[PDB]
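To start, the structure itself, in structure tokens.
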Amino acid sequence: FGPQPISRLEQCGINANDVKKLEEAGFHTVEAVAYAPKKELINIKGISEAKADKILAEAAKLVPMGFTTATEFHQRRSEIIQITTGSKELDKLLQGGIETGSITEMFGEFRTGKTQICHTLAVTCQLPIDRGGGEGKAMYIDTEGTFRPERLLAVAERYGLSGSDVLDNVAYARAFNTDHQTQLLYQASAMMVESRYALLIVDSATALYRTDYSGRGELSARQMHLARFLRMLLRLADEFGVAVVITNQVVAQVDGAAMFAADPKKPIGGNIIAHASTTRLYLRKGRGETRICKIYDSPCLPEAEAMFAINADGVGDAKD
Amino acid sequence: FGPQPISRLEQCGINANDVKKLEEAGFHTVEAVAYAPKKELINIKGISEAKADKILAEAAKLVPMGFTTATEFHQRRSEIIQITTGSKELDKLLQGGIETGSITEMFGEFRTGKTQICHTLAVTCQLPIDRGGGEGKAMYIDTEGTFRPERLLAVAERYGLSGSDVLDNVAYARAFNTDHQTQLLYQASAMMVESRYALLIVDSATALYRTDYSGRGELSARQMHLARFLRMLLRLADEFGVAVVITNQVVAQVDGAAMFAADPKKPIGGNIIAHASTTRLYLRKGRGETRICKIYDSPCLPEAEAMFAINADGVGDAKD
Amino acid sequence: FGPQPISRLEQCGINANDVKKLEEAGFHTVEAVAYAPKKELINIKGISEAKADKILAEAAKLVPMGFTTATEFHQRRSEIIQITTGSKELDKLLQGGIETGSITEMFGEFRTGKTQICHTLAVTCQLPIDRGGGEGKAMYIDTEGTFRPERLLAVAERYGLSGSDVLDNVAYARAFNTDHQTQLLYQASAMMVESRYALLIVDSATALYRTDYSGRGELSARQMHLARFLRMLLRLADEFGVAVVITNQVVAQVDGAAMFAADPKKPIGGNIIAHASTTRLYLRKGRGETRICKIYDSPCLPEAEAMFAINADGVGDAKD
Amino acid sequence: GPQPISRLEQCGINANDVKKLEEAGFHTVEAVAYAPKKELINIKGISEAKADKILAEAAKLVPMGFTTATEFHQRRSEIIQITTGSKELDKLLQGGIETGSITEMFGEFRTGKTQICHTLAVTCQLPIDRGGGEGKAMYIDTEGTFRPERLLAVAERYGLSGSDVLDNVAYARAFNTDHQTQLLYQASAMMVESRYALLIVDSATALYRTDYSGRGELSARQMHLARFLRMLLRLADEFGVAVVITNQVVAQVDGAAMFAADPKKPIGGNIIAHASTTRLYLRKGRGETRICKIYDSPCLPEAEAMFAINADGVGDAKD
Amino acid sequence: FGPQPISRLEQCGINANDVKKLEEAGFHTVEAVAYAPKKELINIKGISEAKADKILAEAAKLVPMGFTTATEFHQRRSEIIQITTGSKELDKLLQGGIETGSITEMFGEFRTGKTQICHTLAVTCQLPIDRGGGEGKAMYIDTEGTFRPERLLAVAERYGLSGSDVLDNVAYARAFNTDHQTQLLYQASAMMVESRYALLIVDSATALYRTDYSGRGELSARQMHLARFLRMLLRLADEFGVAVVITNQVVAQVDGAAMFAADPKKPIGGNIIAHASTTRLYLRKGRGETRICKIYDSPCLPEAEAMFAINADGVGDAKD
Amino acid sequence: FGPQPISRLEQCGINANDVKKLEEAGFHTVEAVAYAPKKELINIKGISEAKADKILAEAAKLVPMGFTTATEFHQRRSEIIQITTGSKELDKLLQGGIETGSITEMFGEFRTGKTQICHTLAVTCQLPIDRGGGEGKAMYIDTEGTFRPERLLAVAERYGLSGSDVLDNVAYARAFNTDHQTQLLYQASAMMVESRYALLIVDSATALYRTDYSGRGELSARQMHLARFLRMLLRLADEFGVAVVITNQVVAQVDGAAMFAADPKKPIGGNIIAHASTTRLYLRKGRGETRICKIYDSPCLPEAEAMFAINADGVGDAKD
Ligand SMILES: Nc1ncnc2c1ncn2[C@@H]1O[C@H](COP(=O)(O)OP(=O)(O)O)[C@@H](O)[C@H]1O
Ligand SMILES: Nc1ncnc2c1ncn2[C@@H]1O[C@H](COP(=O)(O)OP(=O)(O)O)[C@@H](O)[C@H]1O
Ligand SMILES: Nc1ncnc2c1ncn2[C@@H]1O[C@H](COP(=O)(O)OP(=O)(O)O)[C@@H](O)[C@H]1O
Ligand SMILES: Nc1ncnc2c1ncn2[C@@H]1O[C@H](COP(=O)(O)OP(=O)(O)O)[C@@H](O)[C@H]1O
Ligand SMILES: [K+]
Ligand SMILES: [K+]
Ligand SMILES: [K+]
Ligand SMILES: [K+]
Ligand SMILES: [K+]
Ligand SMILES: [K+]
Ligand SMILES: [Mg+2]
Ligand SMILES: [Mg+2]
Ligand SMILES: [Mg+2]
Ligand SMILES: [Mg+2]
Ligand SMILES: [Mg+2]
Ligand SMILES: [Mg+2]
């Protein structure tokens, strides 16, 4: 069960031309138009103030957005699914795994294993819910050109799942530039409503912005575009109940006039949207053959560290 | 003990149709009518100038609006209720804690514990006056998806209160956009008049405004909407005599990126309403894993500093 | 030495019902009737042209209004009272302090100590003339909610006055909206006829007009209402001879709301009344401390600057 | 100068009519002669024949016939011009502020009109040798912005006794328009009583903005202003004194859709536009220098001038 | 099978001036303009925003950029061409050799054998697919002045190919400075679009940057120029599908400054483009005459070590 | 057959002042202008970006810098002259002798015979082509003061050439410190164009650096200065088509400091410029006379050892 398709609004007395204009705009379900303010609906053409007000009021009638007791919210948060990361120690660290309905930014230095974690999450997302999975196909928006299905086949063989259907479930695309990356979100929102999607990996979020928006005086436009991208990701996560995972690259100190996100502090959203990343995981190589994952910031989980390893079957517990 | 419900206004020779029009307008209390100029009581359709003047007559007759001797105001202020922050050092710094019937704006950089302080205030608000509480249900309006009842349960366990009853009082809502944030206050007013409440937290005020109203030419509309929201908050604070707490994120250095509200000057209301925040607290990160709270501005308190820490049971005194 | 009560007009043979009509209109004094034009005495229903003309003629006979030699005006001006501001440097800057029977506007951005200056003036107003006081009770139409009767006690302790008695002679009111602020002037005119008052403080005098009259097309009504309020204040200053201090906010950047009078361009009254503020002081924050008060405009004073400080005992001389 | 109204008793008119005319406002036979039949009839207690004959003898006493142009040139060459206190501004006006006319100096807020009025009032008692008027001065102030300290300072600069100049300046304050009109009546009586040379109205349109507010009262405001300016013109023509008035002007956008904030549209309005003979635009400059531009004059041409305000009054631009 | 020439853009209704403007800008192929962002198309003078959006819209329908199932990507990657390196051990370690469409950065100490590998790869690129080749012309943008066709003749004689035709199918150029390198790539784009190419070699990529961009202050500009060069190489590899090989030099004792590479870590692209090199090979000279290759970094291949030898006919299997 | 002198410029519209500014900066031919980047043409003061771009474009139009078929490069390299070393054994070892256009470096222990090889090469540079010479005058930049113009006469008498003409065709200069070496290179480049010069000998390249740039912490500046000197030598070799020979001193023990010019590894250019020495020769003195020359590093020639001897007439084959 998920959102309510926009066709329900047709049952409420709205002519189909406005519905199709909203569909072209990008709002595919009643949730996406209910959550939108009057300004966004007014900005698109062919709609007047009265029509926008009536559709907004009807949508608010359809989906409840009023107050509720905290016990109801505790019950609701006790039913969301957490996706196992493939490692028992990291699963213990995350108190269940990667939660669905938020943003889990995992960042670290170069050659640490973020892509391996993304691969393992994408394959384990198809597991039955009783084994820690999410019972849903997993998308993969890839900007680094670093998607090799051989790892997915290896992990699917390890877990015993049929490789054919595991491959047939995971979708794929590539982002050659920032605008194509953004339009991929429109396509994903269009194509999500037709099936059950429980994961969406963007590896990595900031890779294209370090190069395309290269310039001392281009910082402002880059920041606004990144904020828009992150807002779209947040809306997608809230609307469809998916588990968005992204990736960032970091390095000691900084370079340039505070241009990149190469800092443990100063999250990806920066000064515009600081609350974008609900969960942040620092991935560190450590000393010797070690791998460490530390919860840098979480609203509920406390700071801690953990040990894990990467073998030919994916990410697993550190074998001694 | 509280305000006078508008049903008491019925015993003045006024028919119920315009009374219901005022009720649906947003004036749930006779005080909300007495604190309203003729312009706002006329702007609602269906009411003439003579009717508005007639109702305002007995509305002002019901409540005292005349001059009082300064000793009377000192007597009134000495009986005000202050809410303990949960830390003795902060209690000393604020000379009693967060005072009721006013606005306290806590602002600081990213990851300074503002949400933790809001959680601790929301749980300690339920304590009886004997222990320093306010003896009333709280209210939380969240604009970042950063409400975790686990912290509330932990603090309730620490203070000895029954967690089930503690979680059964704190209301909750989420603001997906600025218009929903503004609209929440209308239902909040009815919920406030219905039952005793003693704390309204809005975490955080200027979080959505950085996102929805992104644009050089949209600054004026953003400023007017923020001024309207803060005026509504001030009316709420004056009406039911409950403490309003708001939260603001500020970048350490002057990042720029056109005009913003992230600077240790220029209060939230801006140039239109520079007086919205009665009390202003600056939350700062010390050199070595320390937290400091500095009273940036108070009409009666002097500038000072304090030390505090955050443990698994909430905010508390600085443990050496 | 004060004004003659309107009841004296009853000795002129006029019918007492007309006297009560004038009293309820707002003219509590014979001087108020004398200064009024024919149209304002006719606009109230129940009074004919002949009656208004005869009371106006008798009032003009009672209080002289003809030409006087300039030496007489110099003698009258040399006997005026000046209220010490609590700082010797500022006292030298003002060539005596704040004069009675005049309007003193104070400029200032956010956090410039205007409220502290108002508090010190209100607590030094009841000082005997021997120490530069006014020997009269004070008033405070506080439209900001920032009136804390804790600084008044501190300054009273500094000056040796009994705290209970100095707190016992201060009138206080709060303005929640523009119309209530205006009616407070009628109430104050009612009060001052029966006791010696020597100060009227309005801090601020423009915030409510900033918030309530928010609109491009509402500017004209705002300007007319502000002009009416300032005219009422000027009349109050003329009749009873009380120094009227008013506080106006200011900002050093763009406004974007047409007039939006927060800048040095003209008095608060603006184009309609650019002459209400007899004296104008600009309060500015220097480097570090020791704010500067500059005489921005005065009929008989030159441009100058001064240094002053704010301690726990109130405003005082700057100590290096 | 003017002939006192008592000379009318040489004709033989019953003195009750003379007293009626005196209490009406006409304290000089010239005032009766200039008045038309309608005004002399509107006052009750006078018959048509009496008004006609009194106008006949008034015209007999006061010459109103045609005069050759050279006679008018000779009359105008004997006029007195009051020095403005600044030599450069004096050269701009080709003699200074003339008498028997109206000089309206208008400008934005904080230009120095009140200081100019003080300097004109203190230089008026100067003897004609220095370019003064030798007469007394009057100040009908509608703003409470009259400070004798500046008069004392400027008198000290010009080497006069402060007590004497102080004792030769009549002062009054106007709280409303009707009080201003009654002040004009009392000023007329006082000026027929004794010699005066200057009459200052600072400012003329200050009270009309506050008193006659609202859109629906514009016609009454215009009529009252026209009556006030007509009375001022009659005063100027009667006793031959220099009348100076002050007006405020701004370049607002939406603060008012009416009023008199305009460089054009003279103070007299559309009813009597010819009220102000001379008009001076007083403008704030860029760095520190104020300018005085002759906006309109029957004889003087358009020009500009440099002047400064010092603690001793108004003087030349000290670079 | 090759890229679609830019002339097809005129088939969509674009006047020839814009087509020639794009051609002179550097976009010789519809793939290049399709992959380009809106900002880069706007930057060239002579095209409006609407015109650029229209061109992008028509180009989108020509090349599919939407989502696709992972099985489609596995099919696409199964048919990719791998170029034999001339050594059986190297071929086994690389699981086919050097893969087209990706960057294979080989680096090592001085006199390790990178130039010989590049020479042998250039010869073997002309072999038909039946013998592990790619049957395509090769290029050599040599910057060290270390191109000797005698090795090419020797390898062609070993493989039995005619020397004349082997020489005739290799294009050569020399780079004297960085801007010449960039313009050389600009010309190489047109040369590639004019015919069929399969291998590009840059030996070495960073040699000229050590000569030109020296000094302590010239740190940023060198990094941006290198990032631009690597972005150009990536665009070429994606758009034409040509195996790109670049050479880097490393040392064990970095006795220099911050403007160095000198590290097995810190790839050539640096912190701006860490993902520039898809495959990374480390070449070392062990004790005696052993020559070892190691997969330093690969998205799919695991870490391994292999032995190889260099003899008179190029790189061959290490004879015991 | 030489370069194109800068007098061929000034016909493109560039005024004579810019030409003279380039002339005084060390750019004595159009080849040195074409090979230079924008940085080295902007660093000289008096030239703007537009003028530099125009002159660079004209220079690029003057000389061919585009791609070419490998057969063209083979044909070009077939006609490259190689100067005989005076010994048949070493001539066969070098496959023709010292090639023209590359930096040929020779090094060995003390008293091994490099200097005698330098005189023999200088004298043979004057021989006609059919005798193995280069038909060009020679230059000798001697740093250790070991240039005796008496072996030249002996070897010239051996070859039958007149002694006076042989001496008159050798331009000799001495370098006392590094900056003098650089300025003398500037002068040599200035005086190179006006005659046919085929050989340029530096003996030795690093002797002055060892005894001038002492100090443990001064290695970096010495390294950068050596890199600049070697870049200048490379530009001289490429631009004028001259044969550059330089001498290095080595000690077969290890090292005496952190950085040194010793060790058979670690070429003179260091890890900054490792490709400066195209051909490297190692000279050894074994048991008995046994003077051996070995090709250490070469891009085309293989490793081999040859026997030579030094006689009173110069250097010849080892007598039996
Ligand atoms: N086939 C593989 N089997 C096991 N580990 C692998 C394999 N391929 C790569 N790795 C590991 O991946 C690590 C780097 O993580 P990777 O996902 O390749 O890069 P990134 O840091 O860019 O996310 C390396 O340390 C290596 O040990
Ligand atoms: N109890 C106090 N004792 C001394 N100074 C105080 C005290 N409370 C506030 N202040 C001073 O008041 C200043 C601001 O003046 P205030 O009147 O509160 O504000 P504003 O001018 O905005 O109305 C602050 O800079 C602070 O130093
Ligand atoms: N005592 C004084 N001495 C000299 N100049 C003064 C004095 N008082 C005020 N001024 C000057 O008066 C100028 C404003 O002129 P004023 O007549 O007060 O204004 P307005 O044109 O608004 O009636 C100010 O620029 C100031 O410099
Ligand atoms: N003609 C040749 N035949 C065989 N090996 C050669 C030949 N020329 C050079 N080499 C080899 O080249 C190696 C070093 O040179 P090279 O491979 O070009 O290094 P680099 O890539 O660092 O320039 C030597 O170990 C030598 O064995
Ligand atoms: K966070
Ligand atoms: K404040
Ligand atoms: K003024
Ligand atoms: K990589
Ligand atoms: K020697
Ligand atoms: K080499
Ligand atoms: Mg990765
Ligand atoms: Mg937060
Ligand atoms: Mg204040
Ligand atoms: Mg004035
Ligand atoms: Mg090499
Ligand atoms: Mg030697």
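Chains E, G, I, K, C and A, in that order, give the protein sequences.
20 is the number of the first residue of the first sequence in PDB author numbering; add one for each residue after it.
20 is the number of the first residue of the second sequence in PDB author numbering; add one for each residue after it.
20 is the number of the first residue of the third sequence in PDB author numbering; add one for each residue after it.
21 is the number of the first residue of the fourth sequence in PDB author numbering; add one for each residue after it.
20 is the number of the first residue of the fifth sequence in PDB author numbering; add one for each residue after it.
20 is the number of the first residue of the sixth sequence in PDB author numbering; add one for each residue after it.
For every residue, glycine included, the Cβ atom is placed at its ideal position computed from N, Cα and C.
For residue i, go through chain A and note every residue whose CB falls closer than 9 Å to its CB, in chain order.
{"i": "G21 of chain C", "result": "Going along chain A, no residue has its Cβ under 9 Å from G21 of chain C, so there is no contact; the nearest lies around 19 Å."}
Taking 7 Å as the cut-off, is the beta-carbon of residue i closer than that to any non-hydrogen atom of ligand 3?
{"i": "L320 of chain I", "result": "yes"}
{"i": "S317 of chain I", "result": "yes"}
Report back the beta-carbon spacing between residue i and residue j to the nearest angstrom; my notes put them in contact at under 8 Å.
{"i": "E128 of chain I", "j": "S223 of chain I", "result": "Rounded, the Cβ-Cβ distance is 13 Å, inconsistent with contact."}
{"i": "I66 of chain I", "j": "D37 of chain I", "result": "6 Å"}
{"i": "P321 of chain G", "j": "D231 of chain I", "result": "Rounded, the Cβ-Cβ distance is 33 Å, inconsistent with contact."}
Considering only heavy atoms of ligand 5, does any lie closer than 7 Å to the CB of residue i?
{"i": "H294 of chain E", "result": "yes"}
Report the neighbours of residue i on chain E: residues whose CB is nearer than 7 Å to its CB, in chain order.
{"i": "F248 of chain G", "result": "Simply none; closest approach about 13 Å."}
{"i": "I291 of chain C", "result": "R229 and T230"}
Residues of chain C with CB under 8 Å from residue i, in chain order?
{"i": "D37 of chain A", "result": "Result: empty, since nearest Cβ-Cβ is about 19 Å, beyond 8 Å."}
Report buried or exposed for residue i, applying the criterion of at least 16 other Cβ atoms within 10 angstroms of its Cβ.
{"i": "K111 of chain I", "result": "exposed"}
{"i": "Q200 of chain E", "result": "buried"}
At a cut-off of 7 Å, would you count residue i as near ligand 4, judging by its Cβ distance to the nearest heavy atom?
{"i": "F327 of chain C", "result": "no"}
Which residues of chain G have a Cβ atom closer than 7 Å to the Cβ of residue i, listed in chain order?
{"i": "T90 of chain E", "result": "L186 and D187"}
Could you work out which residues of chain C lie near residue i, taking near to mean beta carbons separated by less than 9 Å?
{"i": "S239 of chain A", "result": "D274, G275 and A276"}
Starting from the beta carbon of residue i, find every residue of chain C whose beta carbon is closer than 7 Å, and list them in chain order.
{"i": "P283 of chain A", "result": "Going along chain C, no residue has its Cβ under 7 Å from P283 of chain A, so there is no contact; the nearest lies around 11 Å."}
With a threshold of 7 Å, establish whether the CB of residue i neighbours any heavy atom of ligand 14.
{"i": "residue 16 of chain K", "result": "Examination of residue 16 of chain K is not possible in this model, given that chain K is present from 21 through 339 alone."}
Tell me whether residue i counts as near ligand 15, meaning its Cβ is closer than 7 Å to at least one heavy atom of that ligand.
{"i": "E124 of chain A", "result": "no"}
Since residue i meets chain E, which of its residues come closer than 8 Å, beta carbon to beta carbon?
{"i": "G260 of chain C", "result": "In chain order: nothing, as chain E lies at least about 13 Å away."}
Are the region 317-337 of chain C and the region 25-35 of chain A touching by the rule of at least three beta carbon pairs closer than 8 Å?
Segments in contact, no.
With three or more beta-carbon pairs closer than 8 Å as the criterion, would you say the region 169-178 of chain C touches the region 207-215 of chain C?
no
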